[PDB]
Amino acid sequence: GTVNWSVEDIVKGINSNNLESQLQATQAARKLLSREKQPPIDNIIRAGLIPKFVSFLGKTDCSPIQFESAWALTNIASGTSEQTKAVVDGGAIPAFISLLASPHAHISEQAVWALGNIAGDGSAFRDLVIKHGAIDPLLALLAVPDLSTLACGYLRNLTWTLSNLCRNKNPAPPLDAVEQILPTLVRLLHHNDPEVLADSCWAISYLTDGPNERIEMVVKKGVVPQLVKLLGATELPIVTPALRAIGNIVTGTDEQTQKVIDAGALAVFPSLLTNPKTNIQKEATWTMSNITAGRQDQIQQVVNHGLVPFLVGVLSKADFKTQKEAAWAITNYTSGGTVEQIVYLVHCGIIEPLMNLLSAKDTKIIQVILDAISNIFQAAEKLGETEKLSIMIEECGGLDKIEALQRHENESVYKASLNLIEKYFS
């Protein structure tokens, strides 16, 4: 029937003055466009079919051609930016928004999907979709007493599309749009479907990826406890964005960071910092590094939750990028910590693995580690214990590495090392 049509035959059917011939040809186009191997998107665009598809979106008396055209355009918009632009340039945005209110659930859903692809292209198209008034009708589709009454695929698509309206920066989405969307997002974040939860977490991770003011908008909605709960989920597609969101939040103020701690986030970290998925371990360690950049009472919570041994662990053995985040966690800890907290660090065995990493080629991690060592020595100075530390560092081959770093070509490195040598190793 409509399987494997040539583009010329599709054009012929669409240019016929016959609505049923146009429907068949549009369906043929939809099938070409939904084939996994190189759908001929550019050939379809070149044939000038987008404006025709867009006009078909308005055919209220022929819902089948609305659906087929909506599907065809969705798949063109799913392509490159240039391909998405062709769809927008054809006037698709207002046409799809009008379709959100369709009495046909499958058509409304397709329009949600298409708008998701358009918004997903970038900040400009996202903002243009918002300007055409998409948010109101989208939110209206979710204005039900219990989300569980909605078709699963339908809910997932709405969640995903809303996440794209939250996505991207330079600029971030309009403050008013974010305020408008958040209460619905908070609701979706409490739903029970893993895909809805994952995409709700993605949206929250985008919204918290910015200045403290953007973080505050989210934190004020009280979602942190739910994020921490999702941090403990078994589904990796949920934990990944949940953890990015939590990590973003702790890049904010000390107070915003405290809400994460208050919600019990630290108790999940023994598992996160030993997680078999490398990226989870890395993001969790990054997150830890920002928490140890906090107040002394927050560093103390890290101590109380027994997380210093886990940091020693990651520093001792982990993917290198993870070890780098650990190094940062330690330097931040030593920067803001009390003498007793810093001493505890040494007692947990931080020195040897810290020394071992000085063989790294990465210039920045070397600077970070040397800073930590300087900080630790400072604490020791205030206890008259520099000698015993000097010996510790020498016993594990640390002094050898620091001595060599005087020959390091980077200025700040061969400076910092010289300073340590001439001040504690004479």
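All residue numbers refer to positions in the sequence shown, first residue = 1.
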Take the C-alpha B-factors listed in the entry for 280-288 and for 327-335, compute each mean, and give the stretch with the larger one. 327-335
Mean C-alpha temperature factor, higher of 230-238 and 122-130: 230-238
Highest CA B factor of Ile44, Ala70, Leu32, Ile365, as deposited, is found at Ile365
Quick one: which of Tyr154, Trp113, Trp202, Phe320 shows the highest Cα temperature factor in the PDB entry? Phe320
Third of the chain, ranked by Cα B-factor, where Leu243 sits: lowest
Sort the modelled residues of this chain by their C-alpha B factor and say whether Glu195 lands in the lowest, middle or highest third. lowest
For the chain shown, is the CA B-factor of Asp9 in the lowest, middle or highest third of its modelled residues? middle
Ranked C-alpha temperature factor of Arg167 among modelled chain residues, by third: lowest
When the deposited Cα B-factors of this chain's modelled residues are ordered and cut into thirds, is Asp209 in the lowest, the middle or the highest one? lowest
